[PDB]
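Chemist: What follows is a single structure, and I will ask about it in a moment.
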Amino acid sequence: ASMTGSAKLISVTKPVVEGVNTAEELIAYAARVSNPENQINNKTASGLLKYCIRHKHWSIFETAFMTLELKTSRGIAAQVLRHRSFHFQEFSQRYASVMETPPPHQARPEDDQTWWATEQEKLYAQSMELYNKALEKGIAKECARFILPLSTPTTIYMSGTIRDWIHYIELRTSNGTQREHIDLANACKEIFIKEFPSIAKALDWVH
Amino acid sequence: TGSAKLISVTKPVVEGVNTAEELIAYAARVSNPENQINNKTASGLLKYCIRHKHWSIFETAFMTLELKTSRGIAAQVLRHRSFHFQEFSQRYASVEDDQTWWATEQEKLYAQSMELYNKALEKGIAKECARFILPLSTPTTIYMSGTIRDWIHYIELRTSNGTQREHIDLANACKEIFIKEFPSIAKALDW
Amino acid sequence: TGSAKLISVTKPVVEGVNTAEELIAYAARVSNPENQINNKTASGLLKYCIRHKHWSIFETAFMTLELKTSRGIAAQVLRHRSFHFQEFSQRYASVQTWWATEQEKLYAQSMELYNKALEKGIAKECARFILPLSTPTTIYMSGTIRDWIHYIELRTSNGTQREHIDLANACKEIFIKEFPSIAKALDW
Amino acid sequence: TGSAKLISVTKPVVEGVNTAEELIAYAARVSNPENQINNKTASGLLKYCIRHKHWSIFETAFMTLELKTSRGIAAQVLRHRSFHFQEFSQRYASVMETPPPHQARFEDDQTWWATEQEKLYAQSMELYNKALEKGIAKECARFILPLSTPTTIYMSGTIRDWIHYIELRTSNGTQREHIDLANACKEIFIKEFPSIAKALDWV
Ligand SMILES: Cc1cc2nc3c(=O)[nH]c(=O)nc-3n(C[C@H](O)[C@H](O)[C@H](O)COP(=O)(O)OP(=O)(O)OC[C@H]3O[C@@H](n4cnc5c(N)ncnc54)[C@H](O)[C@@H]3O)c2cc1C
Ligand SMILES: Cc1cc2nc3c(=O)[nH]c(=O)nc-3n(C[C@H](O)[C@H](O)[C@H](O)COP(=O)(O)OP(=O)(O)OC[C@H]3O[C@@H](n4cnc5c(N)ncnc54)[C@H](O)[C@@H]3O)c2cc1C
Ligand SMILES: Cc1cc2nc3c(=O)[nH]c(=O)nc-3n(C[C@H](O)[C@H](O)[C@H](O)COP(=O)(O)OP(=O)(O)OC[C@H]3O[C@@H](n4cnc5c(N)ncnc54)[C@H](O)[C@@H]3O)c2cc1C
Ligand SMILES: Cc1cc2nc3c(=O)[nH]c(=O)nc-3n(C[C@H](O)[C@H](O)[C@H](O)COP(=O)(O)OP(=O)(O)OC[C@H]3O[C@@H](n4cnc5c(N)ncnc54)[C@H](O)[C@@H]3O)c2cc1C
Ligand SMILES: COc1ccc(CC2=C(O)C(=O)c3ccccc3C2=O)cc1
Ligand SMILES: COc1ccc(CC2=C(O)C(=O)c3ccccc3C2=O)cc1
Ligand SMILES: COc1ccc(CC2=C(O)C(=O)c3ccccc3C2=O)cc1
Ligand SMILES: COc1ccc(CC2=C(O)C(=O)c3ccccc3C2=O)cc1
């Protein structure tokens, strides 16, 4: 299997409160402090948080925030951007040029797929050739980028609260979503499981 | 060239108040009845509410505009996270002398990708997979939906100097619609 | 008892599209031309879009409602941050049997002190500080149809405070009148 | 009349990047590698980005603050819709702290107001306490509680959002108890973000 989606942790929330060391301990803390005269406080870390998700007490999961660096394609980025709750950071359209050569994209026919690879590579090299030819002649990076295909490799910072991350990963890992995006979301999920064990457990998410 | 068409706007049902703008003025008056600012003109009130950052009255009205642009300018557009967008389905929908050189070489490249794009479709390749070869300049049409507060700030940002020319043109075509539906706010902002 | 009144809704300007629900239905069909699901009822198509989390169509429409509630219920209401709200200026605008009895006795005394403070020329923003959570409040609640679906679904479900249930139910009725096909796709 | 206390702030993992502010300055530099502006100080780069509306690098950092205020002010604060909030349960929490008297604006008239506030406030407390004793639900018992009732809230938001909240709420005209609260936030903000404070001229 091809890996057409990568993610890396950039930052995550860190509590300054005594005894509470991680963002997930803060989500746990937020829940028990706000609702002290509740029997549900006595439950396990995962169990408490599961109850909150089940009951829609979302705000505790918004006391935490995580930035992940995503490596994907412009055509996929197009979908990612539509997740309005998140905040993003991308390369300057004027002070940054495309380094990586666009890779061939798989289709949804053994000699039909091979053709699609060869033909893409052909067109990509042609766009890349003309991209640098335009740069050499003085054309601004913002004008030159218009010839770059949708397969253009891209790195973006995707920043959002934990609640938002829960729903983005739930959606983008569900049956039917584009593969170059399920790869991305699963790459995100791996980082999430790590940082949030008790949430991963309450949502039933395995490595 | 980049263009915009009005698709929908807020229309109040409170008797006497007909347009979305009238409602914004109404909302600023009814919430502040003992305020001397209610005496002034429609534009006077709103210019005042804008200066003092009373944004909520501008949040009682919403507007959808259809933008005809390119994927590269839309790369910017989609970044104004306060707006709601509606684009076509990825799966169910199909598409001096150096300056002369840049155009000829663009058309040549663009004809090739479009050919291969069509070649891929006839072969049975899914549209979402076929899109991947299309340049950042593939023409796009999107619905941009947001509150009047949001539009004021998008237009103010995207029409300022430094903005990519092709986005300025888009923003200016949004400004013309905004000036038509909200003339008292255009007068208030000096547009 | 909490009530709601429709202030304003989205109205399309495009030919063949007259109501805000038609614009949603329009957007949901124009999205998928090659799609076969495009040949379902107005409500069937929308039921599919809700199911498949194709929310953006429900964000082409926007609605305002005037809520007649209390400050104690507004403390829940104001927490639905996807909504925009408009309230009377804090500066330029002025306001079982044992429980009901002792409550009136306190509330009436609260007004004597409130009215005296304004008679004395105290600023309204200051005179609000003596006011109880029970104090009535008329607010404007504006949000996209997506945000309205989720607020009503949450605030009508068992467990929420009755006073908030009444408020949300009063919002549900307006929604049902403006969006029958969405109300039907949601089984309301 | 209102205090703030830091609860949590974003913590980067990138090498050479140790703080939320350092990450903001980093996000701006990695983003535009072929730009001269990057060779200014952390404060300079950030002043440039603020002035030119490059807001997204300010949306890579997040802060949570516990605010100690009145229900009357909380009501204003809750309107800052880009922020996320965490409050005590309306059901499983009880108001211990007796509401204090608020200062009126337009000594003997001021005294009248404080005395009358203390009277009405205590009266509401005894009735609150008795309704609880009499088995009335904590959510139904809070309706007799006044707008002066002390409240502790978690206010969580991106650094961009905090810049504008501090600026608006410390600006001329703002209600006094709100300025004080906005100032107690300004104090924490400056400590965590000195080069942003420097670019905005906050000290
Ligand atoms: C000169 C420039 C350089 C940029 N460089 C980069 C880059 O290198 N990399 C990158 O990834 N991105 C870059 N961006 C994009 C940028 O940081 C934003 O992400 C983009 O401009 C979207 O803005 P926004 O979040 O303000 O969205 P909007 O949706 O327009 O604003 C969000 C909210 O903020 C409010 N708001 C905005 N201004 C005001 C105001 N004055 N008063 C009150 N409310 C206001 C709006 O009304 C709205 O509710 C750049 C933008 C510009 C203009
Ligand atoms: C199958 C599918 C088909 C699509 N087809 C089209 C098309 O043809 N054209 C088009 O323009 N777009 C399409 N889209 C994009 C879609 O309309 C959304 O706009 C995009 O998915 C962003 O989702 P969102 O706005 O919920 O984003 P997010 O930012 O992920 O979510 C917004 C907010 O909602 C909250 N939230 C989301 N889900 C939940 C939940 N279950 N419970 C509690 N809170 C929640 C989040 O926490 C967040 O604050 C499609 C999407 C899907 C999944
Ligand atoms: C039982 C209960 C107990 C609570 N206890 C506390 C407490 O002790 N302390 C406290 O501070 N707060 C509490 N809250 C409040 C809660 O944490 C939220 O702050 C509040 O209800 C507002 O929710 P929201 O952010 O989902 O707002 P909204 O404005 O309704 O949501 C923001 C966005 O999420 C999207 N969304 C939501 N649900 C869905 C969905 N199902 N599918 C797709 N999109 C969706 C919306 O459409 C909207 O765009 C409680 C809430 C409940 C229901
Ligand atoms: C003088 C005054 C009078 C008011 N009167 C009333 C009244 O009579 N009735 C009533 O109901 N409400 C009133 N309000 C409240 C008001 O209209 C807003 O609802 C409240 O101030 C919250 O602001 P916000 O939506 O900007 O929220 P925020 O969460 O602070 O802002 C939302 C977004 O806008 C962005 N933003 C804001 N300013 C800028 C900027 N300069 N540049 C870039 N981004 C920016 C933020 O960064 C954030 O992402 C008043 C407020 C003031 C200050
Ligand atoms: C003169 O042409 C220009 C001028 C400035 C920019 C600045 C800029 C934006 O405004 C923007 O939204 C953006 C969105 C996503 C990545 C980068 C940028 C980005 O770098 C892009 C083209
Ligand atoms: C087979 O792979 C697929 C499957 C579903 C889709 C559906 C879809 C999304 O999910 C999406 O976010 C999106 C975002 C913006 C425009 C269109 C779409 C869009 O059409 C796209 C490719
Ligand atoms: C039985 O009536 C109830 C039922 C549930 C609640 C739960 C709850 C909300 O729903 C809510 O928005 C809220 C908003 C701000 C603080 C606390 C709460 C909060 O605690 C409060 C009273
Ligand atoms: C000096 O006292 C003041 C001065 C001005 C205001 C203005 C103001 C806000 O700023 C605010 O969020 C607000 C929220 C809800 C209703 C009214 C207001 C409102 O009127 C409030 C108190």
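Each chain in the structure tokens gets a letter, A, B, ..., in the order shown, and its residues are numbered from 1; ligands are numbered from 1 in order too.
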Using backbone DSSP assignments, extract all helix (DSSP H, G or I) residues from segment 125-177 of chain D; output them as an NGL selection string.
Modeler: :D and (125-133 or 138-144 or 159-170 or 176-177)
Chemist: Please save N, CA, C and O atoms of the selected residues as a compact mmCIF listing (two decimals), in the first residue's frame.
Modeler:
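See part_5.txt below for the written result:
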```
# COMPACT_ATOMS: atom_id res chain seq x y z
N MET D 125 -29.30 35.01 49.20
CA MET D 125 -28.50 33.89 49.70
C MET D 125 -29.28 32.97 50.65
O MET D 125 -29.35 31.78 50.38
N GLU D 126 -29.89 33.54 51.71
CA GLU D 126 -30.73 32.82 52.68
C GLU D 126 -31.85 32.04 51.97
O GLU D 126 -32.06 30.87 52.29
N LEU D 127 -32.52 32.68 50.99
CA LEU D 127 -33.58 32.07 50.18
C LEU D 127 -33.00 30.97 49.29
O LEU D 127 -33.64 29.93 49.13
N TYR D 128 -31.80 31.19 48.72
CA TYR D 128 -31.13 30.20 47.88
C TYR D 128 -30.90 28.96 48.72
O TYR D 128 -31.50 27.93 48.44
N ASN D 129 -30.14 29.12 49.82
CA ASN D 129 -29.80 28.10 50.80
C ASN D 129 -31.00 27.30 51.32
O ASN D 129 -30.93 26.08 51.36
N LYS D 130 -32.13 28.00 51.63
CA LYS D 130 -33.38 27.39 52.08
C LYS D 130 -34.05 26.57 50.98
O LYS D 130 -34.62 25.52 51.29
N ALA D 131 -34.00 27.03 49.72
CA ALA D 131 -34.59 26.28 48.60
C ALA D 131 -33.83 24.97 48.39
O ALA D 131 -34.45 23.94 48.14
N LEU D 132 -32.50 25.00 48.54
CA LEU D 132 -31.64 23.83 48.45
C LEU D 132 -32.03 22.84 49.57
O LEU D 132 -32.34 21.68 49.26
N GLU D 133 -32.09 23.33 50.85
CA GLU D 133 -32.53 22.60 52.04
C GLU D 133 -33.89 21.95 51.77
O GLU D 133 -34.05 20.75 51.99
N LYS D 138 -30.71 22.61 41.98
CA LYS D 138 -29.67 23.63 41.87
C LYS D 138 -29.82 24.54 40.64
O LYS D 138 -29.49 25.72 40.73
N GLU D 139 -30.38 23.99 39.53
CA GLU D 139 -30.66 24.68 38.26
C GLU D 139 -31.87 25.57 38.39
O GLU D 139 -31.99 26.52 37.61
N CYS D 140 -32.81 25.22 39.29
CA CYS D 140 -34.04 26.00 39.52
C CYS D 140 -33.81 27.02 40.62
O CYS D 140 -34.46 28.07 40.63
N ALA D 141 -32.87 26.72 41.53
CA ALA D 141 -32.50 27.56 42.66
C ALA D 141 -31.63 28.80 42.25
O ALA D 141 -31.65 29.83 42.93
N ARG D 142 -30.89 28.69 41.14
CA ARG D 142 -30.01 29.76 40.64
C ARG D 142 -30.77 30.98 40.03
O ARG D 142 -30.16 32.03 39.85
N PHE D 143 -32.08 30.84 39.75
CA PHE D 143 -32.86 31.94 39.18
C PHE D 143 -33.03 33.16 40.08
O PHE D 143 -33.22 34.26 39.55
N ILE D 144 -32.96 32.98 41.41
CA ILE D 144 -33.06 34.08 42.40
C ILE D 144 -31.70 34.78 42.63
O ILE D 144 -31.65 35.85 43.27
N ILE D 159 -4.12 32.95 19.96
CA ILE D 159 -3.45 34.20 20.31
C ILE D 159 -4.02 35.44 19.55
O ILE D 159 -4.20 36.50 20.16
N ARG D 160 -4.40 35.25 18.26
CA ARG D 160 -5.03 36.31 17.46
C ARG D 160 -6.25 36.86 18.23
O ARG D 160 -6.33 38.06 18.50
N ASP D 161 -7.15 35.95 18.63
CA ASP D 161 -8.39 36.20 19.36
C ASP D 161 -8.17 36.94 20.66
O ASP D 161 -8.92 37.86 20.95
N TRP D 162 -7.12 36.57 21.40
CA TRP D 162 -6.72 37.23 22.65
C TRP D 162 -6.24 38.66 22.48
O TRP D 162 -6.58 39.48 23.32
N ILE D 163 -5.45 38.95 21.41
CA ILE D 163 -4.95 40.28 21.00
C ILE D 163 -6.14 41.25 20.85
O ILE D 163 -6.13 42.35 21.42
N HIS D 164 -7.18 40.83 20.11
CA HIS D 164 -8.34 41.66 19.87
C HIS D 164 -9.26 41.83 21.04
O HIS D 164 -9.83 42.92 21.20
N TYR D 165 -9.37 40.79 21.89
CA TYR D 165 -10.18 40.84 23.10
C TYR D 165 -9.50 41.82 24.08
O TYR D 165 -10.17 42.68 24.67
N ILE D 166 -8.18 41.71 24.25
CA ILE D 166 -7.50 42.60 25.16
C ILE D 166 -7.60 44.03 24.67
O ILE D 166 -8.01 44.89 25.43
N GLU D 167 -7.35 44.26 23.38
CA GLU D 167 -7.45 45.59 22.82
C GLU D 167 -8.86 46.18 22.98
O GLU D 167 -8.99 47.26 23.53
N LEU D 168 -9.91 45.46 22.60
CA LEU D 168 -11.28 45.96 22.75
C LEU D 168 -11.66 46.23 24.21
O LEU D 168 -12.12 47.32 24.53
N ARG D 169 -11.43 45.26 25.09
CA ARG D 169 -11.80 45.40 26.49
C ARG D 169 -10.93 46.30 27.39
O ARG D 169 -11.27 46.50 28.55
N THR D 170 -9.85 46.86 26.85
CA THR D 170 -8.97 47.78 27.58
C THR D 170 -9.13 49.17 26.97
O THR D 170 -8.57 50.14 27.46
N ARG D 176 -15.98 49.44 33.62
CA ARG D 176 -14.84 49.35 34.56
C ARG D 176 -14.47 47.93 35.00
O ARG D 176 -13.31 47.55 34.89
N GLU D 177 -15.44 47.15 35.50
CA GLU D 177 -15.23 45.77 35.97
C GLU D 177 -14.74 44.86 34.84
O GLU D 177 -14.02 43.90 35.09
```
Chemist: Write out, as CSV, each residue of chain C that has an atom at most 9 Å from ligand 3, together with the closest pair of atoms and their distance in Å to one decimal, counting only C-alpha atoms and all ligand atoms, rows going by chain and rising number.
Modeler:
```
residue,atom,partner,partner_atom_place_in_ligand_line,distance
C:50,CA,ligand 3,42 (N),8.5
C:53,CA,ligand 3,43 (C),7.0
C:55,CA,ligand 3,43 (C),7.3
C:76,CA,ligand 3,21 (O),6.8
C:77,CA,ligand 3,22 (C),7.8
C:78,CA,ligand 3,22 (C),8.0
C:79,CA,ligand 3,22 (C),4.6
C:80,CA,ligand 3,29 (O),3.2
C:81,CA,ligand 3,29 (O),4.2
C:82,CA,ligand 3,29 (O),3.7
C:83,CA,ligand 3,29 (O),5.5
C:143,CA,ligand 3,29 (O),8.4
C:144,CA,ligand 3,49 (O),8.2
C:145,CA,ligand 3,47 (O),8.5
C:146,CA,ligand 3,47 (O),5.2
C:147,CA,ligand 3,47 (O),4.0
C:148,CA,ligand 3,47 (O),7.3
C:149,CA,ligand 3,47 (O),7.2
C:150,CA,ligand 3,38 (N),5.1
C:151,CA,ligand 3,30 (O),4.9
C:152,CA,ligand 3,30 (O),8.7
C:153,CA,ligand 3,41 (N),8.3
C:154,CA,ligand 3,53 (C),6.6
C:155,CA,ligand 3,53 (C),7.5
C:159,CA,ligand 3,1 (C),6.8
C:160,CA,ligand 3,1 (C),6.5
```
Chemist: Give the answer as one residue: which of D:190, D:203, D:155, D:28 has the shortest atom-to-atom distance to ligand 5, using only C-alpha atoms and all ligand atoms?
Modeler: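 Between D:190, D:203, D:155, D:28, the residue approaching ligand 5 most closely is D:28.
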Chemist: Residues within 7 Å of ligand 5 should be enumerated using only C-alpha atoms and all ligand atoms and returned as a compact mmCIF listing (two decimals) with N, CA, C and O atoms, in the first residue's frame.
Modeler:
```txt
# COMPACT_ATOMS: atom_id res chain seq x y z
N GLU A 90 -0.04 27.84 5.60
CA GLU A 90 0.54 27.31 4.34
C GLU A 90 1.66 28.24 3.86
O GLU A 90 1.72 29.39 4.28
N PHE A 91 2.50 27.76 2.92
CA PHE A 91 3.62 28.52 2.34
C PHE A 91 3.11 29.71 1.60
O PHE A 91 2.10 29.63 0.91
N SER A 92 3.83 30.81 1.72
CA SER A 92 3.55 32.05 1.03
C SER A 92 3.44 31.72 -0.43
O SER A 92 4.26 30.97 -0.97
N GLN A 93 2.41 32.26 -1.07
CA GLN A 93 2.21 32.09 -2.49
C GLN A 93 3.23 32.88 -3.33
O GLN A 93 3.44 32.53 -4.50
N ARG A 94 3.91 33.90 -2.71
CA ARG A 94 4.93 34.78 -3.32
C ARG A 94 6.39 34.59 -2.89
O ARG A 94 7.29 34.87 -3.68
N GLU A 142 3.64 33.88 -7.66
CA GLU A 142 2.15 33.92 -7.59
C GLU A 142 1.47 33.79 -8.94
O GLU A 142 0.28 33.48 -8.97
N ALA B 75 -7.84 29.37 -3.49
CA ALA B 75 -6.84 28.92 -2.50
C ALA B 75 -6.78 29.97 -1.38
O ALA B 75 -6.70 29.62 -0.20
N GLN B 76 -6.85 31.25 -1.78
CA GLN B 76 -6.92 32.38 -0.89
C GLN B 76 -8.35 32.45 -0.31
O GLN B 76 -8.51 32.23 0.88
N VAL B 77 -9.38 32.68 -1.17
CA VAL B 77 -10.81 32.81 -0.78
C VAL B 77 -11.23 31.92 0.41
O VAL B 77 -11.66 32.44 1.45
N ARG B 79 -9.67 30.53 2.66
CA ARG B 79 -8.93 30.83 3.90
C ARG B 79 -9.63 31.79 4.87
O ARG B 79 -9.26 31.82 6.05
N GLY B 162 -1.42 45.40 -2.48
CA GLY B 162 -0.57 44.27 -2.16
C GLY B 162 -1.22 42.96 -2.52
O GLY B 162 -0.53 41.97 -2.80
N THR B 163 -2.56 42.96 -2.52
CA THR B 163 -3.42 41.83 -2.88
C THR B 163 -3.17 41.43 -4.34
O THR B 163 -2.99 42.31 -5.20
N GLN B 164 -3.18 40.11 -4.61
CA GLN B 164 -2.99 39.60 -5.97
C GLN B 164 -4.09 40.17 -6.86
O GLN B 164 -5.28 40.05 -6.52
N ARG B 165 -3.68 40.83 -7.96
CA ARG B 165 -4.58 41.48 -8.92
C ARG B 165 -5.85 40.71 -9.20
O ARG B 165 -6.92 41.30 -9.07
```
Chemist: Go through chain B residue by residue and, counting only C-alpha atoms, keep those with an atom at most 7 Å from chain A; for each kept residue give the shortest atom pair and its distance in Å to one decimal, ordered by chain and increasing number, as CSV.
Modeler:
```
residue,atom,partner,partner_atom,distance
B:72,CA,A:146,CA,6.3
B:78,CA,A:81,CA,6.8
B:81,CA,A:84,CA,5.3
B:113,CA,A:123,CA,6.9
B:125,CA,A:108,CA,5.9
B:126,CA,A:108,CA,5.8
B:129,CA,A:107,CA,5.6
B:132,CA,A:150,CA,4.7
B:133,CA,A:149,CA,5.1
B:134,CA,A:149,CA,5.0
B:135,CA,A:149,CA,4.1
B:136,CA,A:146,CA,4.4
B:137,CA,A:146,CA,4.9
```
Chemist: Include C-alpha atoms and write out the residues we just selected as a PDB file, in the first residue's frame.
Modeler:
```
ATOM      1  CA  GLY B  72      -5.428  29.532  -7.240  1.00  0.00           C
ATOM      2  CA  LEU B  78     -11.387  29.524   1.220  1.00  0.00           C
ATOM      3  CA  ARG B  81     -12.789  30.746   7.662  1.00  0.00           C
ATOM      4  CA  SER B 113      -3.793  18.478 -19.391  1.00  0.00           C
ATOM      5  CA  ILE B 125     -11.047   6.795 -14.399  1.00  0.00           C
ATOM      6  CA  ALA B 126     -13.119   8.426 -11.557  1.00  0.00           C
ATOM      7  CA  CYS B 129      -8.733  10.874  -9.587  1.00  0.00           C
ATOM      8  CA  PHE B 132      -5.431  15.681  -9.881  1.00  0.00           C
ATOM      9  CA  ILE B 133      -3.760  16.738 -13.191  1.00  0.00           C
ATOM     10  CA  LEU B 134      -5.624  20.046 -13.582  1.00  0.00           C
ATOM     11  CA  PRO B 135      -3.655  23.286 -13.080  1.00  0.00           C
ATOM     12  CA  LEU B 136      -4.263  25.880 -10.275  1.00  0.00           C
ATOM     13  CA  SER B 137      -5.906  28.021 -13.019  1.00  0.00           C
TER      14      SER B 137
END
```
Chemist: Set the cut-off to 10 Å and count only C-alpha atoms: what are the residues of chain C that reach chain B? Output as an mmCIF file with C-alpha atoms, in the first residue's frame.
Modeler:
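And here's part-v6.cif as it stands now:
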```cif
data_model
loop_
_atom_site.group_PDB
_atom_site.id
_atom_site.type_symbol
_atom_site.label_atom_id
_atom_site.label_comp_id
_atom_site.auth_asym_id
_atom_site.auth_seq_id
_atom_site.Cartn_x
_atom_site.Cartn_y
_atom_site.Cartn_z
ATOM 1 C CA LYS C 5 -40.871 34.693 16.770
ATOM 2 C CA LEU C 6 -39.278 34.598 13.257
ATOM 3 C CA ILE C 7 -37.379 37.841 12.583
ATOM 4 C CA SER C 8 -35.678 37.155 9.295
ATOM 5 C CA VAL C 9 -34.723 34.409 6.879
ATOM 6 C CA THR C 10 -32.657 34.004 3.641
ATOM 7 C CA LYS C 11 -34.469 34.642 0.360
ATOM 8 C CA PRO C 12 -32.814 33.678 -2.928
ATOM 9 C CA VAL C 13 -32.728 36.075 -5.919
ATOM 10 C CA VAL C 14 -32.080 33.382 -8.620
ATOM 11 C CA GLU C 15 -34.909 32.286 -10.970
ATOM 12 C CA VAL C 17 -35.535 29.364 -6.416
ATOM 13 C CA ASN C 18 -37.971 31.268 -4.140
ATOM 14 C CA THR C 19 -37.623 30.073 -0.505
ATOM 15 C CA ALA C 20 -34.443 29.364 1.525
ATOM 16 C CA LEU C 23 -31.907 27.136 -2.280
ATOM 17 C CA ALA C 27 -27.516 23.439 -3.943
ATOM 18 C CA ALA C 28 -27.943 19.718 -2.975
ATOM 19 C CA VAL C 30 -26.567 21.098 -8.533
ATOM 20 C CA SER C 31 -23.719 19.566 -6.414
ATOM 21 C CA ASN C 32 -24.222 16.011 -7.812
ATOM 22 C CA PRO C 33 -25.413 16.241 -11.568
ATOM 23 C CA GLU C 34 -24.006 12.792 -12.474
ATOM 24 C CA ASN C 35 -25.446 11.485 -9.155
ATOM 25 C CA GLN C 36 -28.550 9.227 -9.162
ATOM 26 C CA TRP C 55 -23.449 20.150 5.799
ATOM 27 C CA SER C 56 -22.349 23.063 3.586
ATOM 28 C CA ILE C 57 -25.697 23.090 1.696
ATOM 29 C CA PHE C 58 -27.398 23.845 5.077
ATOM 30 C CA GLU C 59 -24.990 26.814 5.413
ATOM 31 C CA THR C 60 -26.335 28.604 2.226
ATOM 32 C CA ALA C 61 -29.467 29.491 4.272
ATOM 33 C CA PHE C 62 -29.540 31.716 7.418
ATOM 34 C CA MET C 63 -32.280 32.487 9.919
ATOM 35 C CA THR C 64 -32.886 34.952 12.792
ATOM 36 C CA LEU C 65 -35.423 34.221 15.646
ATOM 37 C CA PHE C 83 -24.761 31.593 16.537
ATOM 38 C CA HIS C 84 -24.678 35.417 16.368
ATOM 39 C CA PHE C 85 -26.811 37.240 19.010
ATOM 40 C CA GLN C 86 -28.265 40.689 19.426
ATOM 41 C CA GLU C 87 -29.384 41.901 22.865
ATOM 42 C CA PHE C 88 -30.592 45.239 24.388
ATOM 43 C CA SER C 89 -27.713 47.587 25.348
ATOM 44 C CA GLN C 90 -26.437 47.108 28.888
ATOM 45 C CA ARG C 91 -26.140 50.925 28.788
ATOM 46 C CA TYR C 92 -29.270 52.323 26.976
ATOM 47 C CA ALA C 93 -32.103 49.864 27.833
ATOM 48 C CA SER C 94 -34.083 49.291 31.063
ATOM 49 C CA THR C 138 -35.736 39.292 24.601
ATOM 50 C CA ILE C 139 -32.741 38.385 22.349
ATOM 51 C CA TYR C 140 -32.111 37.901 18.557
ATOM 52 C CA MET C 141 -30.527 34.533 17.684
ATOM 53 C CA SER C 142 -29.022 34.292 14.202
ATOM 54 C CA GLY C 143 -27.396 31.208 12.708
ATOM 55 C CA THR C 144 -27.167 29.023 9.589
#
```
Chemist: May I ask which of the residues B:154, B:117, B:102, B:48 is the closest one to ligand 1, counting only C-alpha atoms and all ligand atoms?
Modeler: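 The shortest atom-to-atom distance to ligand 1 comes from B:154.
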Chemist: Point out the residue among B:123, B:16, B:73, B:156 with the least atom-to-atom distance to ligand 4, counting only C-alpha atoms and all ligand atoms.
Modeler: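 Using only C-alpha atoms and all ligand atoms, the shortest distance to ligand 4 belongs to B:156.
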Chemist: When you look at residue 29 of chain C with a cut-off of 9 Å (counting only C-alpha atoms), what residues show up, excluding the ones that are within fewer than 6 positions of it in the same chain? I need them as an NGL selection string.
Modeler: :C and (35 or 37-39 or 45)
Chemist: Write the residues of the preceding selection, restricted to N, CA and C atoms, as a short mmCIF file (atom, residue, chain, number, x, y, z; two decimals), in the first residue's frame.
Modeler:
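Now in again.cif:
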```
data_model
loop_
_atom_site.label_atom_id
_atom_site.label_comp_id
_atom_site.auth_asym_id
_atom_site.auth_seq_id
_atom_site.Cartn_x
_atom_site.Cartn_y
_atom_site.Cartn_z
N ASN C 35 -24.88 12.29 -10.23
CA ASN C 35 -25.45 11.48 -9.15
C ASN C 35 -26.90 11.12 -9.40
N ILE C 37 -28.81 9.90 -6.79
CA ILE C 37 -29.45 10.34 -5.54
C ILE C 37 -30.17 11.71 -5.75
N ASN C 38 -29.77 12.46 -6.79
CA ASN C 38 -30.36 13.71 -7.27
C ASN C 38 -31.85 13.50 -7.63
N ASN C 39 -32.23 12.22 -7.84
CA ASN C 39 -33.58 11.74 -8.14
C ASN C 39 -34.16 10.97 -6.93
N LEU C 45 -33.52 13.66 -0.57
CA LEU C 45 -32.23 14.22 -0.97
C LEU C 45 -31.56 14.87 0.27
#
```
Chemist: Which residue is closest to ligand 6? Choose from B:43, B:140, B:70, B:159 and count only C-alpha atoms and all ligand atoms.
Modeler: B:140
Chemist: Just want the 12 Å neighbourhood of residue 112 of chain D, counted on only C-alpha atoms, with same-chain residues fewer than 3 positions away dropped. Output as a ChimeraX atom specification.
Modeler: /C:113,116-117,120,122 /D:101-104,107-109,115-119
Chemist: Residues of segment 5-187 of chain C classed as strand (DSSP E or B) by DSSP on the backbone are to be reported as JSON, numbers by chain.
Modeler: {"C": [5, 6, 7, 8, 9, 10, 11, 12, 62, 63, 64, 65, 66, 67, 68, 69, 70, 84, 85, 86, 132, 136, 137, 138, 139, 140, 141, 142, 143, 144]}
Chemist: Counting only C-alpha atoms, figure out which residue out of D:105, D:40, D:5, D:54 gets nearest to chain B.
Modeler: D:54
Chemist: Can you list, as a list in words, every protein, DNA or RNA residue that comes within 9 Å of residue 114 of chain B when you count only C-alpha atoms, leaving out same-chain residues fewer than 4 positions away?
Modeler: residues 95, 109, 110, 118, 119, 133 and 134 of chain B
Chemist: Rounded to one decimal place, report the atom 19 (O, counted along the ligand's line) of ligand 1-atom CA of residue 55 of chain D distance in Å.
Modeler: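 According to the coordinates, atom 19 (O, counted along the ligand's line) of ligand 1 and atom CA of residue 55 of chain D are separated by 5.6 Å.
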